[PDB]
Amino acid sequence: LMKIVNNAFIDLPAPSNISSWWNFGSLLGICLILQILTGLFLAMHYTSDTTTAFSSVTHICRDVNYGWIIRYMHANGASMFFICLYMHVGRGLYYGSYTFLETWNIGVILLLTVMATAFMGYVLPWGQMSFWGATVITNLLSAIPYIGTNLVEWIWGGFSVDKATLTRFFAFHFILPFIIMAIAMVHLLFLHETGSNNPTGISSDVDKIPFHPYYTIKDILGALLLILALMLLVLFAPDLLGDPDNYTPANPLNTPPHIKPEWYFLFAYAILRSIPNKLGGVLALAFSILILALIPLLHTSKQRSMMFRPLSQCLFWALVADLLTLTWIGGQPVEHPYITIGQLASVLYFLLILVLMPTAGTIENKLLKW
Amino acid sequence: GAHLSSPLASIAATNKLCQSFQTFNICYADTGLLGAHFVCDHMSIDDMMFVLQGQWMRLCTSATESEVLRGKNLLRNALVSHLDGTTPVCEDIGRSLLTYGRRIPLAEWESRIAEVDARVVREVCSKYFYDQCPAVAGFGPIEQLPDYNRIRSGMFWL
Amino acid sequence: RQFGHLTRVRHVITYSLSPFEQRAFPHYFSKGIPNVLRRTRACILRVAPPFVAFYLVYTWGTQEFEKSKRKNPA
Amino acid sequence: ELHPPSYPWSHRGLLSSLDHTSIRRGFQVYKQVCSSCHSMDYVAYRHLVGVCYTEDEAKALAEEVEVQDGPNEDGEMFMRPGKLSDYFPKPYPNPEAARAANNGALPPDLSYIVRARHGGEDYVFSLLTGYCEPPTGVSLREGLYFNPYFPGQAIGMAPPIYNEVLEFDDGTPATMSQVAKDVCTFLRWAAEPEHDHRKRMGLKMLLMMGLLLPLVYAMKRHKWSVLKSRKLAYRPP
Amino acid sequence: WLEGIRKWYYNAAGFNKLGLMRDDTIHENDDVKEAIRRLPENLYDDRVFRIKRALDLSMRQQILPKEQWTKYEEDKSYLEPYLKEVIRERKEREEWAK
Amino acid sequence: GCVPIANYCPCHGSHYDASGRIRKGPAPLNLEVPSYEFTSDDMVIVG
Amino acid sequence: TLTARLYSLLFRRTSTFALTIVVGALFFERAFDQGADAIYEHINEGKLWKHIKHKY
């Protein structure tokens, strides 16, 4: 009788005014299992040695029976993964998930678990952006005084990246999804005491309904769109996001003229690149992420959602401009027309969050007298 | 209580799920209504239906001959004991003489029943219970009351 | 938590029908399309103008960058 | 930088494949021209099977070239005629020899160079066919040459290709252009031995997912139809 | 001038198009759960049917016709008396404990 | 943190000397001199 | 109709239900590959092996 715990996925109360957005809330369960499933079969032929790893990728894409697909179902799968999140998370702001303080913090620790995971996943094939993609980011932790040189050398397994740096990631990288796999259940546990959170933001206790016919197939419909949007890229444009350079062998004695990590850092990497100072931007980086833990002390409106806060929508979709800007501005080099942007866009990010969204509810309460 | 014959009834006495239920068979000209009426508390509705459908599908598929003889010998004592006096007799007459045409003698009601066996039931229940489009109602704390879709998905075994 | 002890309800009626007794997609074109537009007219004004500027800042971001690499008269 | 154009191809279409006849002449080029200084290490003759050559025919090329294999029972190594399992003959044993054979410059590998350079083919085809006289006010060391598509517009690329530099089997024209077509067709196959099959699943996917997606979208709308048509009321005293 | 804006902003929220009121859209904390629990049946039940139908329309993304919409002048403040009553007890509950 | 080229930070175009001292560029400092010692006129101990 | 007569025979009983699927799927497999490949040949005529599989 472990059949009573699996009612949360069968006979669970949940609302009925639910959009197609919340497909994304469960696709991660499909991305994660699929991605794990892919990568697991994928690591059947990976090798954790410098002299053969890049070749060991080529062992797949050429000589394995239909294994060449698996490099891309996994790799570009990781892009479709992140496409869910920043459609999964900005949701919680546009609807007000973040009041569930016990859950929202969990939603952070995943992100830093992943964004530090994925950083270890782009590096395995020794692409000439693997190396420098690991150098630059990891080099920053030298920014700290009196310990930065230690932990960095300590993680590099020496004084610079090498074979010893590789294997230490491959185990740290093959493992965390399982740590995520259990934290996923935790993320659903604190939910289970309270359930979901409609777009309106209203406690919809009166209109909670079953789950096996309705949202199951609805999620499957979303999974179809995911598999579609995943099968499309791998079949029609696998070179799109995965940068071309990463097919190059590794060589420390030469750099590309232009550096950029994978596209998804770029909203965050640009924030640091804006700051000419070294340390003065690093603390802004994690602060830009860890601000999410700091938002729920800024729920000024005694409403919840933003479907019923029109001014919030004016700001919220403006935030997306900044991220999608820093995304692009990050992936482009350091020159005068672009530095002028990030010096503003970085400030705009912190500004929209900590000044104007609070300012709204302080006003909107006054616009309607409470 | 527990010792009863209807497996539905025994469970209802076992765990005290419900307080009362009844069945029926209405007859109208080209149609009727087959179903049941049951009465329970708001923390027991789903299970009764799961058991209730659990009986219909059982008879659609797996109907023990001895259990048929139970009901064949229930129905005899029904119509007879129903006919205890004169007023019940004229209920049947004044009703049959607008529905069936003739009156049916009781020796004829018996001969029809004696033709019955489990082969018949598995055809009939398959025709009118199985996978059909039922009709539901509810007046009370029906907070546990599942949706018509789930109810229909519970209608066909497997 | 589950059904049964959530809250209170009084004097409420619910009517509903089987799926089989109704087409899946009735009035999809006939009634949906205005509702799409109505859904549109309530959201575009608070969604687009950010992306409008983005398209421009994406434009001027290239042109000024395009000119800077082109030489000066000297 | 310089952005190459989007030259069409026999395979640019999202259900277009490679002209294997074009590949067949393309492989001639790498052996006659590029295999003197380009080290394609991630390929073997066997992968050409089902693509441009056959088993026995391509094997005739493995018999052609000597390969260093086999510890002799004496404890030494030797040379043999290669086979289909053997990867291509590496020109030079190490990178440094290639730098020494050139004006300090290195030839890159050409296995995955297409997918490791923006534009891929269109870069390469216009690279060879972008040679011209240097402009006024430019100076270059010996060994270096001019080509606008290369970054810095300065390269130690000796001109490898020219009209009537060799001849091909069936006898098509050995122009600087047609040769430049087959070779870029050839290299795309290098970093994509799956093109013939990617589109096949490229097509099977659509006529399934395009066919399922309505049906699931109906089964959705099927179940939800109870609530897409649900009415209420409010009848207290 | 002000008062034209409260009427205006009240139309841009949209919840007057789903047959709802001002009070219905409030965020729920322990301070308000008491107040809701304190409400009378004649009015409390009238809360739910307002909410219950707006949900069913949010499912469809539909709304009500223009006649059924809510007017600003009828945006009754039925809940504020019960509410501020509570916080009058909250602040007494705390400062007295100080 | 990239590789300057000799006779020069390419990804930012930072003009250095043959000695490696910055003349022009975003590079704030002249480059890193490590500690070392010459055992002789033909050998080195870099560190 | 065809729809109704189909129902009583196959989609009624569950043990019969899965029988139709794998059977039809088997017969469906034989057709879908033949549909795609010929079209893939129809597009890229004069490019594939089987169109040069006679010269050698």
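As written, the chain order gives the labels A, B, C, D, E, F and G, with residue 1 at the start of each chain.
Simple rule for what comes next: a residue touches a chain if its C-beta (ideal position, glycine included) is under 8 Å from a C-beta of that chain, and two chains touch if they have at least 3 such contacts.
Heads up on the chains, UniProt names are A = Cytochrome b; C = Cytochrome b-c1 complex subunit 8; D = Cytochrome c1, heme protein, mitochondrial; E = Cytochrome b-c1 complex subunit 7; G = Cytochrome b-c1 complex subunit 9.
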item: Those chains which touch chain C and also touch chain B; value: A, D
item: Pair joined by the larger number of C-beta contacts - C-E, B-D; value: C-E
item: Far-end chain from chain E, centres as C-alpha averages; value: F
item: Chain D and chain E: spacing of chain centres that average the CA atoms, whole Å; value: 65
item: Distance between chain centroids, defined by C-alpha means - chain E, chain G (Å); value: 59
item: Distance from chain F to chain A (Cytochrome b) - Cα centre to Cα centre, in angstrom; value: 38
item: Distance from chain B to chain A (Cytochrome b) - Cα centre to Cα centre, in angstrom; value: 58
item: Where chain C touches two or more other chains, by residue; value: 2-3, 6, 9-12, 16, 18-19
item: Junction residues of chain E, two or more chains touched; value: 14, 45, 48-49, 52, 56, 59-60
item: Shared interface positions of chain B, touching two or more other chains; value: 147-149
item: Pairwise chain contacts under the document criterion; value: A-B, A-C, A-D, A-E, A-F, B-C, B-D, B-G, C-D, C-E, D-E, D-G
item: Chain D contact footprint on chain C (complex, rising order); value: 10-19, 22, 24-25
item: Residue numbers on chain C that touch chain A (Cytochrome b), as the complex places them; value: 1-3, 6-7, 9, 43, 46-47, 50-51, 53-54, 57-58, 60-61, 64-65, 68
item: Partner chain C, residues of chain E touching it in the complex; value: 14, 41, 44-45, 48-49, 52, 60-63
item: Chain D - residues contacting chain G, complex; value: 10, 15-21, 50-51, 54, 57, 196, 199-200, 203-204, 207
item: Chain C residues touching chain B - in the complex, by the definition given at the top; value: 2-6, 9, 16, 18-21
